[PDB]
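To start, the structure under review is shown below, and the notes come after it.
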Protein chains: 4
Amino acid sequence: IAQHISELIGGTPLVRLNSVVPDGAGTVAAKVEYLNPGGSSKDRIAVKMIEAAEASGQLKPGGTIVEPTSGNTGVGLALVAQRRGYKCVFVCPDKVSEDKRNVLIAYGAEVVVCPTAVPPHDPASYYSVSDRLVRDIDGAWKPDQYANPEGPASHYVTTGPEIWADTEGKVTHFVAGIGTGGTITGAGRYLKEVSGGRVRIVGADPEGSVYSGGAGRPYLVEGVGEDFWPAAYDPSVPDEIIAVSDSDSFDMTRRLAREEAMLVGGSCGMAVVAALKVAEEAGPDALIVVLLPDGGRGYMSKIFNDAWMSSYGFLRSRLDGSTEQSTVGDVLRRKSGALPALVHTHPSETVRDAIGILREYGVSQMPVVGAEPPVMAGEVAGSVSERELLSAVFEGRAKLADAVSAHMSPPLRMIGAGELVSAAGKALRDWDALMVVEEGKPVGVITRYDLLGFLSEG
Amino acid sequence: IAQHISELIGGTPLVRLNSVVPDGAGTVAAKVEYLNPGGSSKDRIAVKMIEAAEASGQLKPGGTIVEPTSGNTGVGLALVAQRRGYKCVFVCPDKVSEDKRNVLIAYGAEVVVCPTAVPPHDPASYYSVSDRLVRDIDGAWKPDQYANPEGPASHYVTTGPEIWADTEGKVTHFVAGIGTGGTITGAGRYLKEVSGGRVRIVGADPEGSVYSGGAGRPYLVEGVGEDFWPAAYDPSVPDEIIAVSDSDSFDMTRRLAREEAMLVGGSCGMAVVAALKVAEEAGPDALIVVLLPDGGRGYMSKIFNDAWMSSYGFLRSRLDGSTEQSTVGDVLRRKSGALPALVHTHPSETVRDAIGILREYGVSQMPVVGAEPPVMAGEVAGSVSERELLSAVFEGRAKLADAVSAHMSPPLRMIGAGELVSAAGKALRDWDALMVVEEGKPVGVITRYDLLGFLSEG
Amino acid sequence: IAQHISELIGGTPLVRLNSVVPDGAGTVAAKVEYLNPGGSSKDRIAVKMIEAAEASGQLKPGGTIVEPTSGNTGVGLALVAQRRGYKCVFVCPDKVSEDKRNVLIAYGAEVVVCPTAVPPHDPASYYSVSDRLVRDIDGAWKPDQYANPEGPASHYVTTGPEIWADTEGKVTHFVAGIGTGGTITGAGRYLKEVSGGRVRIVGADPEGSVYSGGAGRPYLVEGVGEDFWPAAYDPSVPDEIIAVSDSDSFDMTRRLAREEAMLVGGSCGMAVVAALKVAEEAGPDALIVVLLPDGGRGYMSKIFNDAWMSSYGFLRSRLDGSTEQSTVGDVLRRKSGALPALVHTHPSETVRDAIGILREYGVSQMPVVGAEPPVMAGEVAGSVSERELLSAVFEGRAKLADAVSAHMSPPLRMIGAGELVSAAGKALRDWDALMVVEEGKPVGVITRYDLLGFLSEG
Amino acid sequence: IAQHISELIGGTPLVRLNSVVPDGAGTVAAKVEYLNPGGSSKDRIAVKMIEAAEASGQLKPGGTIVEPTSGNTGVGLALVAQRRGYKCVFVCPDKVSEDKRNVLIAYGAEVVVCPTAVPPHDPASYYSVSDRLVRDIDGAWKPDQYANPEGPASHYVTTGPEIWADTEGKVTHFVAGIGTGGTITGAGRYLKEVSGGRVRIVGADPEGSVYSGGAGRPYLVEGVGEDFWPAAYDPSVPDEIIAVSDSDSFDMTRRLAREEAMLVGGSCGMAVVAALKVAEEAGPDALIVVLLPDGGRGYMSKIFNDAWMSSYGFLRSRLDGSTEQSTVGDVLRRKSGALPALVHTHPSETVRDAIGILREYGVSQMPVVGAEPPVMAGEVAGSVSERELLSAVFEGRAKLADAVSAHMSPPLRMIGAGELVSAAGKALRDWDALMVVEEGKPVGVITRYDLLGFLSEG
């Protein structure tokens with residue numbers, strides 16, 4: 001009977017990947033680290049930092065920890081701290097959802113927030129506020145997980161020994177995502193010390209990070225990647241820092257949760273793809289130990305969602321089935337019925353009336369089609385945009401009281417309404433908007449700004 | 001004691017314009033004809049037509065008048081017909097106001113509506129429907145005010161003698177707007193028969209009508225102008241057909257009602273402008289008899305309104321006072337306080353994030369600015385449009401997950417907050433939008449589509 | 001050739017009512033006074049007051065007239081004043097539409113506004129502001145049409161003589177709406193002086209006014225009625241002050257414009273109904289001269305409308321045809337299609353879920369019908385309101401986490417969806433809301449609020 | 001190196017509760033179950049069920065599991081089955097969240113949705129559809145976790161021995177939440193067989209379930225309680241079936257996660273409450289082994305949320321700090337500034353006008369106040385509701401065009417602006433609405449509906 005849920009931190013199992021690794025290569029075992037009591041793989045270093053700060057006389061019983069964390073180290077820190085009763089005060093950027101902050105609070109912490117993407121160096125971002133809070137309060141100890149060797153020390157004393165004792169020294173490679181220069185450094189130091197030089201320490205990294213050898217970027221795989229060099233990462237330990245993309249990372253995460261029964265996040269997918277790319281230079285008789293550093297239940301809205309993975313350039317395929325089964329004729333509903341509204345302006349109505357019929361229906365293009373009955377055939381006189389009328393009314397090239405039949409652009413290209421969004425996503429690659437002919441009679445206008453809004457939500 | 005309201009149709013007074021006509025020219029007397037029971041001058045034609053069709057046995061007692069009436073002759077026809085109980089069935093295009101049809105019905109008629117701007121001879125325009133009604137309903141009689149000699153005959157019998165009788169034959173000119181070829185035809189015939197050849201029949205017309213010598217056009221001054229030749233117009237009666245624009249016509253209407261105490265409509269202002277322009281080529285000793293054919297109380301929302309005039313490029317000046325006194329700082333409210341929302345996108349956010357923040361705030365432009373809190377000075381890194389991103393994202397030049405700092409156009413020019421709308425309307429003549437700087441710190445972006453929206457509604 | 005449109009004020013015709021007066025009574029002639037150059041019958045007194053204040057040395061050329069008028073005397077005052085160029089400044093309550101104020105401005109006046117219904121005696125209503133403006137500016141002359149004998153003097157010198165000279169002293173009665181006395185008092189004094197005592201001066205008045213002998217009210221027939229005794233009204237002149245209702249006034253106005261070809265307002269209808277009620281005590285060989293004091297073009301939105309006359313308890317019949325030809329099944333659209341939304345809460349869903357569904361769908365009652373498919377029969381378990389749940393949740397009689405199956409009221413009565421509103425009103429005359437069964441399956445809930453809101457707009 | 005993740009199902013740790021149990025009682029150790037690969041303790045039965053059905057030749061290789069699963073057993077079944085490639089087709093009621101179905105699909109299953117709250121045995125509930133699927137699709141196998149002996153057999157073979165092995169037979173009590181009856185029946189038979197009769201098998205249950213001795217109810221603690229008797233529950237195994245409410249269950253869940261570092265769900269809190277209430281009737285020298293069967297990360301928006309716990313009579317106190325620190329002056333914003341609209345109706349306006357203002361300002365009650373400008377003091381004449389007018393206008397007691405000062409109820413009581421919501425709730429426990437006085441001048445009306453809506457959203 002353990003004395004607290006904080007003693008079960010460690011000894012995480014080591015499962016084997018069956019259906020993801022391609023045939024014709026060695027074994028790839030995946031150290032699953034999301035089974036810790038804190039859910040994450042960073043509660044292994046939180047306990048070590050707490051102990052090294054208590055023993056070395058820096059966190060006097062009664063202090064208040066303070067760390068500008070994101071939401072994955074905060075859980076472990078809060079758990080281990082509230083074991084013995086240390087008030088925990090965090091600092092978070094707005095990029096973190098409400099659910100992660102609710103989790104951080106449910107463990108007995110106090111999470112203050114500062115705006116995200118603000119210049120880190122100023123007193124605006126969370127770094128300056130964290131430093132100020134550390135200075136002011138008494139007893140506060142900012143662990144500074146980025147420049148604290150205790151992280152690598154813990155991953156050296158309790159992660160390296162496990163990966164060795166569980167495989168019996170017959171592990172050739174060790175691929176692990178490198179977010180804060182942690183696991184990689186400690187596990188590499190250990191697996192190189194007590195194995196000679198047989199173990200080659202590979203390291204995964206999001207395509208375009210400092211470690212890979214690139215410049216800054218906005219990141220999506222929360223936890224990995226960086227824009228500078230943490231003082232707790234020996235760049236000499238690793239041997240081949242692979243660089244992986246974000247689409248590949250998310251696809252591998254999804255395929256892993258689908259074919260291996262592991263709900264891992266983004267970093268896990270990136271590490272597994274790096275390994276898979278490392279299982280091609282070493283034939284049989286090899287053993288590559290990936291490290292899955294997180295559990296994929298907080299990402300049920302980011303990756304395993306089907307809209308956020310298409311709000312970007314991701315979503316190679318739908319979560320469980322057919323490619324799209326969605327036609328343009330469905331993009332034009334927004335109410336499941338709301339398309340009895342072909343918005344047209346005959347060739348005689350004054351220009352001001354056309355601009356008004358645009359401003360009223362919140363559209364930005366329309367066919368100037370005679371024969372008012374919206375049942376007409378392809379006999380559309382032309383099209384009148386909005387940015388043109390408003391461009392030919394303020395430059396003097398046309399007056400408000402004029403007839404639209406002298407300031408209308410040629411008709412806009414058309415596509416059938418009963419066709420998937422794929423052909424549209426390619427067709428709007430040459431124009432700005434196109435009509436949707438439904439049985440030969442126009443029924444609406446599909447435009448880029450609408451196509452995105454649909455894809456980005458459904 | 002008159003035996004019915006429809007007997008006071010005639011003998012309308014003859015007022016003399018005093019403050020409008022410039023000095024140094026003959027007296028410009030304006031036969032003010034909105035004092036008839038029906039309100040306009042067209043009543044004169046109705047009675048004559050009804051009498052002629054009731055004397056020559058073409059409208060048998062119990063018939064049902066039917067005509068595609070413009071709304072002004074409809075009132076006269078309804079009044080005169082309902083004198084004796086002839087059912088009136090008018091056919092009007094949708095371009096007529098609501099109060100106009102309410103006036104037509106309040107007199108006991110029935111008004112059927114048909115679409116406007118459609119081909120005139122199609123099965124949906126009011127001409128064909130009127131012909132169908134005439135054929136089907138027994139006892140029908142389409143007066144056809146456009147090719148009916150009764151019009152000119154009445155304007156000859158009871159509009160000519162009055163002009164020559166209330167002035168003692170001392171009338172040099174007779175200018176009268178020519179819409180259907182009515183008043184001008186008969187009045188000229190008379191004032192030429194019984195005045196020798198001295199009375200030169202001038203005729204006004206909106207610029208761009210068949211009579212003036214132009215082509216088709218969309219008309220705003222209700223009543224005058226045509227796109228064809230009415231069979232009841234002798235083009236040899238007029239001698240000097242002047243042409244007048246619409247802006248000048250409406251300005252003259254408003255100035256006449258402001259300086260002469262006459263709420264005349266649009267054609268009245270056009271006729272007065274034609275007369276004034278004829279009151280310069282003929283020095284003193286001359287007497288010009290204009291004909292004001294309508295009353296300006298139905299136009300109290302069109303020409304005397306301050307939005308319908310500025311929806312177009314009309315509205316030289318406001319009715320009540322100063323020119324505009326409305327600054328851009330006011331153009332940016334839409335709620336009287338609705339600009340605590342400076343919509344920005346920092347240079348690190350993702351392209352998709354910027355597109356979403358454009359689609360969710362109903363805007364189409366926004367400046368990428370660091371230091372999120374909108375209190376910043378002119379140090380805006382740039383401006384990201386909406387059409388670019390949706391064009392740099394579909395062509396392939398950019399990716400949804402790329403940083404916004406690589407697809408942002410240079411900043412957009414800026415203007416002060418307390419500047420009159422005249423300035424902004426000129427300034428947008430070179431760009432498509434511009435910021436509003438208050439003390440130096442931008443607070444919003446004003447765009448053409450918003451400028452015209454503020455003008456045409458306030 | 002008159003010298004100004006202000007000289008045509010007077011000599012208004014005297015038409016006879018043909019189809020309104022019941023058979024078996026004398027002749028009822030209606031002095032039609034909406035043919036004046038100023039539109040109404042108040043421009044006689046405007047001219048007279050201008051003359052008196054200019055000749056009597058109280059309005060020095062260059063002064064600025066100031067009068068807290070409503071919008072009917074303002075037109076005449078503005079016309080007569082701006083004849084010679086007297087700046088006109090008015091004061092109006094908010095009860096006057098935009099069109100009337102635009103008319104007042106189009107003649108060259110300046111109309112300032114103050115809130116309506118505010119205590120007249122305070123410095124808030126338009127009376128105090130008018131008095132202040134009169135005191136401050138120099139040259140201002142507030143005519144005070146309520147305590148200025150010039151009104152009755154003008155209606156005595158130019159209205160009484162006309163009614164006599166046009167009928168040749170063979171006029172028994174003279175009924176005229178009263179709302180200041182200027183009209184009944186003057187014409188009454190004249191027709192009593194130069195006719196002995198044969199002429200009996202009847203006077204109309206809205207049911208429940210001071211003249212009739214009642215107390216205050218909110219009035220709808222603009223112009224008539226009062227809440228005190230003006231100093232320009234001899235209560236002895238009239239003989240029988242009839243009292244007429246507002247429904248009768250508006251109905252008679254509509255029927256008069258429908259059967260006599262006169263577009264008169266409210267006071268005209270009230271005067272005509274008073275006369276018709278006076279044409280029953282005097283047998284044949286009598287002549288009653290009503291006075292129609294206004295023209296019905298500004299009331300095309302109030303009376304001749306079909307919603308404002310149903311917003312109140314008026315509208316005995318539709319403007320031109322069938323009674324309603326509108327079924328309850330149409331009251332439930334609000335979008336022409338928007339009734340696929342039967343909002344139900346099953347007997348097991350928690351009370352909080354029911355309150356939430358109510359708060360979300362903006363309804364205030366709903367059937368708790370099992371068998372989710374909204375195709376069920378009369379098998380509805382019951383009904384749940386909102387004011388009850390919210391009354392049984394704050395008093396302690398029910399807890400949020402409870403089951404609605406123990407706090408639901410008995411089912412609500414039902415009516416078929418294909419039936420006119422009339423029966424709906426008669427039914428809701430006994431309950432608060434009722435279901436609309438459409439083929440035996442409920443399709444919605446029609447409530448008093450909804451039915452009233454619909455009637456008051458369509 | 002494990003051969004598959006589904007092999008790590010078991011051997012879960014045994015933690016000792018320290019800060020929750022009151023002092024003076026035996027040690028209360030809680031077997032924590034959210035450390036399994038599949039999240040909860042519901043994947044112990046999945047492994048045994050799959051093994052038994054694959055050994056006794058009832059799920060032939062290639063079959064397709066089908067079951068109406070609650071979402072927790074679904075995860076375990078999906079993981080274990082997809083170990084070998086058995087297609088899973090789950091049937092869930094709409095009551096389940098979206099992320100839950102996303103978790104089920106992310107594991108390679110297919111989840112069909114069915115309506116909830118409908119009769120359990122009808123053709124629309126998930127039971128009948130699951131039976132249909134089982135019949136039609138060949139190779140189907142409905143595990144029927146509710147009447148399958150495999151559940152208790154597995155909880156007897158691999159959940160009982162662990163309790164007695166990790167404690168060295170020194171276990172006095174074993175309390176475990178009982179729903180479907182699979183853990184008290186399995187972990188009870190063992191601890192009774194191999195401990196004599198000392199181990200009394202206590203059992204928790206939500207107040208109002210069949211087992212506790214009550215009737216049906218709507219449940220909130222997902223997993224426990226029933227409205228019938230599962231065929232896999234031996235009611236003779238338990239000895240003292242405690243019953244616990246829902247408010248207490250959620251409070252204990254939050255307190256356990258705050259003082260013990262465990263994110264357990266609802267049934268975990270219920271079981272802990274039952275244990276604590278059993279840890280009082282047995283003094284020291286006792287050891288109570290609770291069973292926490294779930295992990296509280298899917299409940300991060302249901303029990304740890306501050307609105308869902310306030311949408312009911314739950315939420316004793318907020319997670320982060322002070323009780324409410326939220327005043328009625330804040331309840332009246334809805335936009336953070338949206339009370340510049342004190343909606344009034346002066347005592348002279350018409351009843352119809354008051355109804356119209358109530359309908360157009362989205363309110364349902366308003367104080368009739370003279371001196372319109374909302375700056376007035378307590379001198380309000382009264383208050384007018386909207387149910388009265390819509391009842392005093394349909395019954396006939398009032399006329400729709402009558403003055404509002406004759407159908408207005410007396411004023412409604414008032415409260416300050418800066419008062420805590422709880423005070424407002426207790427006040428509204430007596431009336432249906434009340435004003436908010438700021439400095440003495442009323443500024444708005446707070447009603448039961450608005451208060452309970454502000455609670456359930458903030």
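FYI, nothing fancy with the structure tokens labels: chains A, B, ... in order, residues from 1 per chain, ligands from 1 as they appear.
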Could you list, as a ChimeraX atom specification, every residue of chain C that has an atom within 12 Å of an atom of chain A, counting only C-alpha atoms? /C:335-338,340
So which residues of stretch 336-416 of chain D fall under strand (DSSP E) by DSSP, listed as an MDAnalysis selection string? chainID D and resid 365:368 382:385 414:416
Using C-alpha atoms, can you export the residues from the last selection as an mmCIF file, in the first residue's frame?
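To be explicit, this is the file written out as part23.cif:
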data_model
loop_
_atom_site.group_PDB
_atom_site.id
_atom_site.type_symbol
_atom_site.label_atom_id
_atom_site.label_comp_id
_atom_site.auth_asym_id
_atom_site.auth_seq_id
_atom_site.Cartn_x
_atom_site.Cartn_y
_atom_site.Cartn_z
ATOM 1 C CA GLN D 365 -41.455 43.149 -17.310
ATOM 2 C CA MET D 366 -40.790 46.843 -16.945
ATOM 3 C CA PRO D 367 -41.333 49.746 -14.530
ATOM 4 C CA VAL D 368 -43.670 52.508 -15.698
ATOM 5 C CA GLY D 382 -45.610 51.169 -10.765
ATOM 6 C CA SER D 383 -44.588 48.177 -12.840
ATOM 7 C CA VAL D 384 -46.253 46.531 -15.835
ATOM 8 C CA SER D 385 -45.670 42.867 -16.631
ATOM 9 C CA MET D 414 -35.751 46.614 -5.351
ATOM 10 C CA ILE D 415 -32.230 45.615 -4.323
ATOM 11 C CA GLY D 416 -28.794 47.189 -4.547
#
Can you list, as a ChimeraX atom specification, all residues belonging to stretch 244-420 of chain C that DSSP tags as helix (DSSP H, G or I)? /C:246-259,266-278,308-311,328-331,351-361,391-394,404-406
Just the residues within 8 Å of stretch 204-210 of chain D, please, counting only C-alpha atoms, with nothing from its chain fewer than 2 positions along; format it as a compact mmCIF listing (two decimals) with C-alpha atoms, in the first residue's frame.
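Everything below was put into result31.txt:
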# COMPACT_ATOMS: atom_id res chain seq x y z
CA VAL D 175 -16.53 -1.00 -0.36
CA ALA D 176 -16.98 -0.59 -4.11
CA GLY D 177 -19.64 1.30 -6.05
CA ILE D 178 -22.19 -1.17 -7.43
CA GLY D 179 -24.04 -0.50 -10.66
CA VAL D 202 -20.15 -3.05 1.62
CA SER D 212 -30.57 1.01 -2.51
CA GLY D 213 -34.27 0.22 -2.22
CA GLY D 214 -35.93 3.02 -4.17
CA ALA D 215 -37.52 3.70 -7.56
CA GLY D 216 -36.30 5.02 -10.89
CA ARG D 217 -34.47 8.31 -11.33
CA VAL D 221 -22.85 9.88 -12.00
CA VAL D 224 -23.56 3.40 -11.39
CA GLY D 225 -27.23 2.95 -10.54
CA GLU D 226 -29.91 1.06 -12.43
CA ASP D 227 -33.66 0.89 -12.99
CA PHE D 228 -33.76 -2.93 -13.01
CA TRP D 229 -31.83 -6.00 -11.87
CA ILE D 241 -25.60 -1.46 0.81
CA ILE D 242 -25.00 2.22 1.55
CA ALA D 243 -26.71 4.88 -0.56
CA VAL D 244 -25.13 8.23 -1.45
CA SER D 245 -26.54 11.32 -3.15
CA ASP D 246 -25.13 12.98 -6.27
CA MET D 270 -19.45 8.00 -4.36
CA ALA D 271 -17.45 4.92 -3.36
CA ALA D 274 -19.52 5.22 1.22
Identify, on the basis of only C-alpha atoms, every residue whose closest approach to residue D:294 does not exceed 7 Å; exclude the query and any residue fewer than 3 positions from it along the same chain; express the result as a ChimeraX atom specification. /D:33-34,39-41,264-265,268
Show me, as a ChimeraX atom specification, the residues that have an atom within 12 Å of residue C:147 when counting only C-alpha atoms, minus same-chain residues fewer than 3 positions from it. /C:49,142-144,150-152,180-182,229-234
Hey, can you check how far atom CA of residue B:131 sits from atom CA of residue B:118?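 Result for atom CA of residue B:131 versus atom CA of residue B:118: 16.7 Å, one decimal.
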